[PDB]
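Source file: data-v8.tsv (TSV, C-alpha atoms and all ligand atoms)
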chain	number	residue	atom	x	y	z
A	1	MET	CA	-133.28	-119.27	54.62
A	2	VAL	CA	-135.74	-120.82	52.03
A	3	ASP	CA	-135.62	-124.07	54.05
A	4	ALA	CA	-137.73	-122.45	56.84
A	5	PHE	CA	-140.77	-122.57	54.48
A	6	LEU	CA	-140.47	-126.38	54.07
A	7	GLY	CA	-142.92	-128.56	55.96
A	8	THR	CA	-146.62	-128.85	56.79
A	9	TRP	CA	-148.65	-125.77	57.72
A	10	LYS	CA	-152.20	-125.53	59.13
A	11	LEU	CA	-154.49	-122.46	58.91
A	12	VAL	CA	-155.08	-120.84	62.35
A	13	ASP	CA	-156.47	-117.38	61.35
A	14	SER	CA	-157.94	-115.50	58.38
A	15	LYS	CA	-158.95	-111.91	57.54
A	16	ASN	CA	-160.49	-110.59	54.27
A	17	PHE	CA	-160.51	-114.01	52.44
A	18	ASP	CA	-164.20	-113.80	51.45
A	19	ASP	CA	-163.44	-110.28	50.20
A	20	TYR	CA	-160.36	-111.42	48.22
A	21	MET	CA	-162.33	-114.31	46.63
A	22	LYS	CA	-165.20	-111.94	45.72
A	23	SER	CA	-162.59	-109.65	44.06
A	24	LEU	CA	-161.59	-112.63	41.79
A	25	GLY	CA	-165.18	-113.39	40.71
A	26	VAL	CA	-165.64	-116.43	42.99
A	27	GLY	CA	-169.39	-116.96	43.49
A	28	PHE	CA	-171.00	-116.83	46.96
A	29	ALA	CA	-171.77	-120.59	47.06
A	30	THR	CA	-168.07	-121.41	46.33
A	31	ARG	CA	-166.83	-118.75	48.82
A	32	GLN	CA	-168.96	-120.38	51.58
A	33	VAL	CA	-167.32	-123.81	50.97
A	34	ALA	CA	-163.79	-122.31	50.66
A	35	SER	CA	-164.18	-120.37	53.98
A	36	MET	CA	-165.66	-123.19	56.09
A	37	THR	CA	-162.47	-125.39	56.12
A	38	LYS	CA	-158.96	-124.95	57.67
A	39	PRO	CA	-156.65	-126.01	54.80
A	40	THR	CA	-153.22	-127.62	55.12
A	41	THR	CA	-150.32	-126.43	52.92
A	42	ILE	CA	-147.27	-128.67	52.34
A	43	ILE	CA	-144.12	-127.04	50.95
A	44	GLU	CA	-141.50	-129.50	49.68
A	45	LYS	CA	-138.28	-129.38	47.65
A	46	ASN	CA	-136.44	-131.98	45.56
A	47	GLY	CA	-133.30	-130.55	43.92
A	48	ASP	CA	-134.31	-127.20	42.43
A	49	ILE	CA	-138.01	-128.26	42.11
A	50	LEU	CA	-140.35	-126.86	44.76
A	51	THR	CA	-143.83	-128.34	45.27
A	52	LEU	CA	-146.72	-126.66	47.08
A	53	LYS	CA	-149.73	-128.79	47.98
A	54	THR	CA	-152.96	-127.48	49.45
A	55	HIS	CA	-155.31	-129.99	51.06
A	56	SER	CA	-158.87	-128.93	51.90
A	57	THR	CA	-162.55	-129.99	51.59
A	58	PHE	CA	-162.92	-127.19	48.88
A	59	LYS	CA	-160.19	-128.47	46.49
A	60	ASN	CA	-156.84	-130.33	46.66
A	61	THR	CA	-154.20	-128.56	44.51
A	62	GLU	CA	-150.53	-129.21	43.73
A	63	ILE	CA	-148.06	-127.03	41.81
A	64	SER	CA	-144.41	-127.68	41.08
A	65	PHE	CA	-141.95	-125.05	39.93
A	66	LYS	CA	-138.40	-123.78	39.90
A	67	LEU	CA	-137.73	-120.39	41.49
A	68	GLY	CA	-137.73	-117.71	38.82
A	69	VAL	CA	-139.13	-119.89	35.97
A	70	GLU	CA	-142.62	-119.07	34.67
A	71	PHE	CA	-145.16	-121.95	34.68
A	72	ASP	CA	-148.77	-122.60	33.74
A	73	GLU	CA	-151.16	-122.98	36.69
A	74	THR	CA	-154.88	-123.72	37.01
A	75	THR	CA	-155.97	-122.24	40.34
A	76	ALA	CA	-158.44	-123.79	42.81
A	77	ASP	CA	-161.13	-121.37	41.46
A	78	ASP	CA	-160.31	-122.53	37.84
A	79	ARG	CA	-158.34	-119.49	36.64
A	80	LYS	CA	-155.76	-120.49	34.01
A	81	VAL	CA	-152.84	-118.20	34.91
A	82	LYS	CA	-149.17	-117.57	34.12
A	83	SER	CA	-147.25	-117.93	37.38
A	84	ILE	CA	-143.84	-117.35	38.83
A	85	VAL	CA	-142.45	-117.86	42.31
A	86	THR	CA	-139.54	-115.77	43.51
A	87	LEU	CA	-137.67	-115.08	46.76
A	88	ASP	CA	-137.55	-111.36	47.62
A	89	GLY	CA	-135.52	-111.17	50.85
A	90	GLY	CA	-137.53	-113.26	53.29
A	91	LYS	CA	-140.72	-113.27	51.16
A	92	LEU	CA	-141.66	-116.24	48.95
A	93	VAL	CA	-143.70	-114.43	46.28
A	94	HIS	CA	-146.17	-116.31	44.03
A	95	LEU	CA	-147.34	-114.05	41.18
A	96	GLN	CA	-150.32	-115.08	39.03
A	97	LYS	CA	-151.08	-113.15	35.81
A	98	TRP	CA	-154.03	-113.48	33.45
A	99	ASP	CA	-156.14	-111.32	31.12
A	100	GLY	CA	-154.17	-108.12	31.86
A	101	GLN	CA	-154.48	-108.46	35.66
A	102	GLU	CA	-152.58	-110.13	38.49
A	103	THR	CA	-152.60	-111.29	42.11
A	104	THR	CA	-149.77	-111.99	44.52
A	105	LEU	CA	-149.66	-114.69	47.19
A	106	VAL	CA	-146.77	-113.72	49.51
A	107	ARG	CA	-145.43	-115.96	52.29
A	108	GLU	CA	-143.25	-114.63	55.11
A	109	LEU	CA	-142.16	-116.22	58.41
A	110	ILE	CA	-142.88	-114.00	61.44
A	111	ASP	CA	-142.33	-115.40	64.98
A	112	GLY	CA	-142.31	-118.99	63.55
A	113	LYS	CA	-145.76	-118.55	61.87
A	114	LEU	CA	-146.30	-118.53	58.12
A	115	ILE	CA	-148.14	-115.32	57.08
A	116	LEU	CA	-149.78	-115.59	53.62
A	117	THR	CA	-150.77	-112.17	52.19
A	118	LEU	CA	-153.04	-112.34	49.11
A	119	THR	CA	-153.32	-109.06	47.17
A	120	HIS	CA	-155.67	-108.43	44.24
A	121	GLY	CA	-155.96	-104.69	43.64
A	122	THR	CA	-157.25	-103.12	46.89
A	123	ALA	CA	-158.34	-106.56	48.24
A	124	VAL	CA	-155.72	-107.71	50.81
A	125	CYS	CA	-156.22	-111.00	52.71
A	126	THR	CA	-154.07	-112.31	55.54
A	127	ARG	CA	-154.07	-116.12	56.12
A	128	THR	CA	-152.04	-117.20	59.19
A	129	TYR	CA	-150.52	-120.71	59.28
A	130	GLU	CA	-148.78	-122.67	62.05
A	131	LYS	CA	-146.21	-125.42	61.51
A	132	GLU	CA	-147.29	-129.01	62.25
A	133	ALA	CA	-144.86	-131.07	64.45
A	201	LIG	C1	-159.50	-117.57	44.97
A	201	LIG	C2	-158.96	-118.62	45.92
A	201	LIG	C3	-159.92	-119.85	45.96
A	201	LIG	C4	-157.51	-118.94	45.59
A	201	LIG	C5	-156.84	-119.57	46.82
A	201	LIG	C6	-156.14	-118.82	47.77
A	201	LIG	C7	-155.54	-119.38	48.92
A	201	LIG	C8	-155.58	-120.74	49.08
A	201	LIG	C9	-155.00	-121.38	50.29
A	201	LIG	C10	-153.66	-121.08	50.55
A	201	LIG	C11	-155.66	-120.85	51.52
A	201	LIG	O1	-154.99	-120.10	52.32
A	201	LIG	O2	-156.86	-121.23	51.69
A	201	LIG	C12	-156.23	-121.52	48.14
A	201	LIG	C13	-156.84	-120.95	47.00
What does the file become when written as structure tokens?
Amino acid sequence: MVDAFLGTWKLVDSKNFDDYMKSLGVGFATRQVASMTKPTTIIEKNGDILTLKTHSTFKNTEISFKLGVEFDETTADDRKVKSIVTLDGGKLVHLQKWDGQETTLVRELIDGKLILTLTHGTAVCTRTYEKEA
């Protein structure tokens, strides 16, 4: 159930993140900073409002949203996007759209770990998170 996403998650593995960021036009200097920290993601809920916080040395971000209701978002890399978060079976799907393109940030729980798959065209990144106690 949706509740299994709630809590505090720490990055423990990454594949293809530099490649995903390059695919979004993030410059090398910014990619180096973004890749050299293990971020923390906090997923919270109050009524039908979900909040996702990312804490890192690169940027702190916070978004709030209702499932299935489009919202304006300014991403960590300063893209102004049109976003929506949905639940597709066990997948919490964050879609970002801008300028005729899109990216998805998909979260799934596998063996108690939070797997974040970031897709932008042929660039696919896997970020693996573990729950903090
Ligand atoms: C283009 C990038 C900078 C957008 C971005 C993707 C993933 C994260 C968090 C979840 C992360 O896993 O580091 C933060 C920002």
Could you check the closest approach to ligand LIG 201 (chain A) for each of A:69, A:97, A:78, A:1 and tell me which residue wins, using only C-alpha atoms and all ligand atoms?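 Ranked by minimum distance to ligand LIG 201 (chain A), first place goes to A:78.
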Any idea what's packed within 12 Å of residue 73 in chain A, counting all atoms listed in the file, ignoring anything in its chain fewer than 6 positions away? Could you give it as a PDB file with C-alpha atoms, keeping the file's coordinate frame?
ATOM      1  CA  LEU A  52    -146.720-126.660  47.080  1.00  0.00           C
ATOM      2  CA  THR A  61    -154.200-128.560  44.510  1.00  0.00           C
ATOM      3  CA  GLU A  62    -150.530-129.210  43.730  1.00  0.00           C
ATOM      4  CA  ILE A  63    -148.060-127.030  41.810  1.00  0.00           C
ATOM      5  CA  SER A  64    -144.410-127.680  41.080  1.00  0.00           C
ATOM      6  CA  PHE A  65    -141.950-125.050  39.930  1.00  0.00           C
ATOM      7  CA  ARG A  79    -158.340-119.490  36.640  1.00  0.00           C
ATOM      8  CA  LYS A  80    -155.760-120.490  34.010  1.00  0.00           C
ATOM      9  CA  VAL A  81    -152.840-118.200  34.910  1.00  0.00           C
ATOM     10  CA  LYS A  82    -149.170-117.570  34.120  1.00  0.00           C
ATOM     11  CA  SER A  83    -147.250-117.930  37.380  1.00  0.00           C
ATOM     12  CA  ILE A  84    -143.840-117.350  38.830  1.00  0.00           C
ATOM     13  CA  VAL A  85    -142.450-117.860  42.310  1.00  0.00           C
ATOM     14  CA  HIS A  94    -146.170-116.310  44.030  1.00  0.00           C
ATOM     15  CA  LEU A  95    -147.340-114.050  41.180  1.00  0.00           C
ATOM     16  CA  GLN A  96    -150.320-115.080  39.030  1.00  0.00           C
ATOM     17  CA  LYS A  97    -151.080-113.150  35.810  1.00  0.00           C
ATOM     18  CA  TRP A  98    -154.030-113.480  33.450  1.00  0.00           C
TER      19      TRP A  98
END
Within 8 Å of range 6-13 of chain A, counting all atoms listed in the file, which residues qualify if same-chain residues fewer than 6 places away don't, as a PyMOL selection string? chain A and resi 38-45+114+127-132
12 Å contact set for residue 2 in chain A, only C-alpha atoms, chain neighbours under 5 positions out, as a ChimeraX atom specification: /A:7,43-45,48,50,67,86-93,107-109
Which one is closest to ligand LIG 201 (chain A): A:122, A:46, A:51, A:117? Count all atoms listed in the file.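 Using all atoms listed in the file, the shortest distance to ligand LIG 201 (chain A) belongs to A:117.
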Since the input has fewer atoms than a full residue there, write range 84-104 of chain A out with N, CA, C and O atoms, as a PDB file, in the frame of the given file.
ATOM      1  N   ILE A  84    -145.275-117.290  38.506  1.00  0.00           N
ATOM      2  CA  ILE A  84    -143.840-117.350  38.830  1.00  0.00           C
ATOM      3  C   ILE A  84    -143.698-117.180  40.327  1.00  0.00           C
ATOM      4  O   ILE A  84    -144.416-116.408  40.946  1.00  0.00           O
ATOM      5  N   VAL A  85    -142.754-117.932  40.875  1.00  0.00           N
ATOM      6  CA  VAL A  85    -142.450-117.860  42.310  1.00  0.00           C
ATOM      7  C   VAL A  85    -141.020-117.414  42.422  1.00  0.00           C
ATOM      8  O   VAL A  85    -140.116-117.967  41.789  1.00  0.00           O
ATOM      9  N   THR A  86    -140.835-116.392  43.262  1.00  0.00           N
ATOM     10  CA  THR A  86    -139.540-115.770  43.510  1.00  0.00           C
ATOM     11  C   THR A  86    -139.312-115.633  45.021  1.00  0.00           C
ATOM     12  O   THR A  86    -140.239-115.733  45.818  1.00  0.00           O
ATOM     13  N   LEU A  87    -138.076-115.350  45.372  1.00  0.00           N
ATOM     14  CA  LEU A  87    -137.670-115.080  46.760  1.00  0.00           C
ATOM     15  C   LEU A  87    -137.132-113.647  46.777  1.00  0.00           C
ATOM     16  O   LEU A  87    -136.146-113.282  46.104  1.00  0.00           O
ATOM     17  N   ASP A  88    -137.811-112.810  47.538  1.00  0.00           N
ATOM     18  CA  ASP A  88    -137.550-111.360  47.620  1.00  0.00           C
ATOM     19  C   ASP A  88    -137.217-111.120  49.097  1.00  0.00           C
ATOM     20  O   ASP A  88    -138.149-111.054  49.918  1.00  0.00           O
ATOM     21  N   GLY A  89    -135.943-111.187  49.437  1.00  0.00           N
ATOM     22  CA  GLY A  89    -135.520-111.170  50.850  1.00  0.00           C
ATOM     23  C   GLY A  89    -136.121-112.362  51.561  1.00  0.00           C
ATOM     24  O   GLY A  89    -135.902-113.487  51.144  1.00  0.00           O
ATOM     25  N   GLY A  90    -136.889-112.126  52.592  1.00  0.00           N
ATOM     26  CA  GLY A  90    -137.530-113.260  53.290  1.00  0.00           C
ATOM     27  C   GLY A  90    -138.894-113.647  52.779  1.00  0.00           C
ATOM     28  O   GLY A  90    -139.524-114.510  53.362  1.00  0.00           O
ATOM     29  N   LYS A  91    -139.343-113.085  51.674  1.00  0.00           N
ATOM     30  CA  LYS A  91    -140.720-113.270  51.160  1.00  0.00           C
ATOM     31  C   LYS A  91    -140.645-114.270  49.995  1.00  0.00           C
ATOM     32  O   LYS A  91    -139.910-114.029  49.023  1.00  0.00           O
ATOM     33  N   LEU A  92    -141.443-115.337  50.078  1.00  0.00           N
ATOM     34  CA  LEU A  92    -141.660-116.240  48.950  1.00  0.00           C
ATOM     35  C   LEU A  92    -142.891-115.727  48.204  1.00  0.00           C
ATOM     36  O   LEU A  92    -144.010-115.780  48.760  1.00  0.00           O
ATOM     37  N   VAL A  93    -142.681-115.201  47.033  1.00  0.00           N
ATOM     38  CA  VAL A  93    -143.700-114.430  46.280  1.00  0.00           C
ATOM     39  C   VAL A  93    -144.218-115.271  45.124  1.00  0.00           C
ATOM     40  O   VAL A  93    -143.436-115.600  44.226  1.00  0.00           O
ATOM     41  N   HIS A  94    -145.505-115.610  45.142  1.00  0.00           N
ATOM     42  CA  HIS A  94    -146.170-116.310  44.030  1.00  0.00           C
ATOM     43  C   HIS A  94    -146.996-115.280  43.280  1.00  0.00           C
ATOM     44  O   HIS A  94    -148.005-114.838  43.837  1.00  0.00           O
ATOM     45  N   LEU A  95    -146.594-114.952  42.075  1.00  0.00           N
ATOM     46  CA  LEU A  95    -147.340-114.050  41.180  1.00  0.00           C
ATOM     47  C   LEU A  95    -148.140-114.879  40.200  1.00  0.00           C
ATOM     48  O   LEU A  95    -147.596-115.759  39.597  1.00  0.00           O
ATOM     49  N   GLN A  96    -149.423-114.517  40.054  1.00  0.00           N
ATOM     50  CA  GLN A  96    -150.320-115.080  39.030  1.00  0.00           C
ATOM     51  C   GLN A  96    -150.777-113.941  38.115  1.00  0.00           C
ATOM     52  O   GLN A  96    -151.294-112.940  38.632  1.00  0.00           O
ATOM     53  N   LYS A  97    -150.635-114.133  36.828  1.00  0.00           N
ATOM     54  CA  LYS A  97    -151.080-113.150  35.810  1.00  0.00           C
ATOM     55  C   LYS A  97    -152.047-113.780  34.848  1.00  0.00           C
ATOM     56  O   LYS A  97    -151.880-114.933  34.435  1.00  0.00           O
ATOM     57  N   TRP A  98    -153.070-113.017  34.489  1.00  0.00           N
ATOM     58  CA  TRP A  98    -154.030-113.480  33.450  1.00  0.00           C
ATOM     59  C   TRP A  98    -154.818-112.262  32.960  1.00  0.00           C
ATOM     60  O   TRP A  98    -155.167-111.402  33.815  1.00  0.00           O
ATOM     61  N   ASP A  99    -155.096-112.214  31.668  1.00  0.00           N
ATOM     62  CA  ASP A  99    -156.140-111.320  31.120  1.00  0.00           C
ATOM     63  C   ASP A  99    -155.875-109.878  31.541  1.00  0.00           C
ATOM     64  O   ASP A  99    -156.814-109.150  31.822  1.00  0.00           O
ATOM     65  N   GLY A 100    -154.599-109.485  31.558  1.00  0.00           N
ATOM     66  CA  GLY A 100    -154.170-108.120  31.860  1.00  0.00           C
ATOM     67  C   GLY A 100    -154.242-107.762  33.336  1.00  0.00           C
ATOM     68  O   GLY A 100    -154.048-106.584  33.672  1.00  0.00           O
ATOM     69  N   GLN A 101    -154.467-108.731  34.225  1.00  0.00           N
ATOM     70  CA  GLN A 101    -154.480-108.460  35.660  1.00  0.00           C
ATOM     71  C   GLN A 101    -153.543-109.425  36.397  1.00  0.00           C
ATOM     72  O   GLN A 101    -152.952-110.307  35.779  1.00  0.00           O
ATOM     73  N   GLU A 102    -153.471-109.286  37.696  1.00  0.00           N
ATOM     74  CA  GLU A 102    -152.580-110.130  38.490  1.00  0.00           C
ATOM     75  C   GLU A 102    -153.028-110.202  39.942  1.00  0.00           C
ATOM     76  O   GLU A 102    -153.761-109.334  40.432  1.00  0.00           O
ATOM     77  N   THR A 103    -152.469-111.179  40.651  1.00  0.00           N
ATOM     78  CA  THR A 103    -152.600-111.290  42.110  1.00  0.00           C
ATOM     79  C   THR A 103    -151.266-111.818  42.621  1.00  0.00           C
ATOM     80  O   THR A 103    -150.646-112.647  41.951  1.00  0.00           O
ATOM     81  N   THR A 104    -150.926-111.412  43.824  1.00  0.00           N
ATOM     82  CA  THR A 104    -149.770-111.990  44.520  1.00  0.00           C
ATOM     83  C   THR A 104    -150.212-112.726  45.771  1.00  0.00           C
ATOM     84  O   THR A 104    -151.084-112.266  46.515  1.00  0.00           O
TER      85      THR A 104
END
